[PDB]
Each structure stands twice: as structure tokens, then as C-alpha cells.
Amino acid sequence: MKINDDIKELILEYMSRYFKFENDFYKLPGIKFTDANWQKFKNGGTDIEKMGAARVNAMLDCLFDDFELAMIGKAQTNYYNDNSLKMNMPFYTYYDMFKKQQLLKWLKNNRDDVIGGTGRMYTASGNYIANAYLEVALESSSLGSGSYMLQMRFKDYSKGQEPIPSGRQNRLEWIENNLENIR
């Protein structure tokens, strides 16, 4: 993993997907931006590399599952080693493609193990954004209490917005049918 402007961009991009109002994210505990300092952060005023470690990792911990944080790092290695990747696309876009390919790998080699659900996002105001993202996990990677070693998050970007159905097979079929609609 490497903390740079590519991570700042990834944070701002993922913040905009999961939160309707920015204040629900930047005023969260451990993040706590003042309205003025947040605007400074977004506009390129404060360097992420010199920012407090706990603050930067609280932003990442909120927007990403710990397995996704692993994928971010692995994608970074691939991204900085290939000039064709940097030439054609920004980092956050390559990461999404890297993540999608991991899902396709799970769907090909671990299909009977693929489980899905809906994730909730905690806001600064104390409330929850119900159905903030789709969660995909490998059931056997179970850690107890709804925790999984191998877990990913996707946002449904379809125009139609097919409602995610209940049931193991119904959800597996929904994922396989919405592969081009999720990011």
C-alpha cells in the first residue's frame, strides 16, 4: 500500500458513491474535518502524505472492507509497474477493474461459496444509509458475527435498478446478470 494523490482521489470517488451529503462522511469520528479544512482537502490544499495516519486510515476503513484495502495495494503494484495502465486510466478506475476481475475469479472457481448481502453506511449524524452497497463474500472465509476474510463491496449503477432478491441462488443469479451494472 502507498499513500499518495491516487488514494486521495480513490477516497473522494468512493465517498461520492456511498454518501448523499459529504458532511455525513467528513464529520465522522476519526475523520472530523471542519467545513473549511474539508474544502481545502478536496481542492488540493492539504497533502495526504503528510496528513495524520489515523485520519487517512479512518477514511479508508469507512469506504473499504479490509480485503478491499489488500486489493487496493495489489492493484497499486500492478498499476505502477505498467506504463500502459497509467497512460490510459487513473488509479481508482484500474482498482475497480482489478476488483471486478477478483469477483469473476470467485464466480468461476468458488461459485458454490459466493454469498451476498446489503451493507449499511454510518453517517456523522448517528443515522444509517440502508442499502449503501452490495456485499459479496466467500462463505467459507467466515470469521463469525457477519465478518468474512474475503469480502467486497459494489454499487448498482444500472438504469433499471433490479432489486437484489433474497435467497442464495437468486442472489448469485442477480450478481451474474448485473456484472456490467455494478462497480
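Residue positions are given as counts along the sequence shown, with the first one as 1.
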- Query: Which has higher Cα B-factors on average according to the PDB entry: 135-143 or 37-45?
  - Reply: 37-45
- Task: Check the entry's C-alpha temperature factors for 7-15 and 161-169, then say which stretch has the higher mean.
- Result: 161-169
- Identity of residue with top Cα B-factor, from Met152, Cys62, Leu69, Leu28: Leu28
- Note on the structure: Quick tally, chain-level thirds of C-alpha B-factors: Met121 sits in the highest
- Message: Using the temperature factors of the C-alpha atoms in this entry, rank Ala58 within its chain: lowest, middle or highest third.
- Response: middle
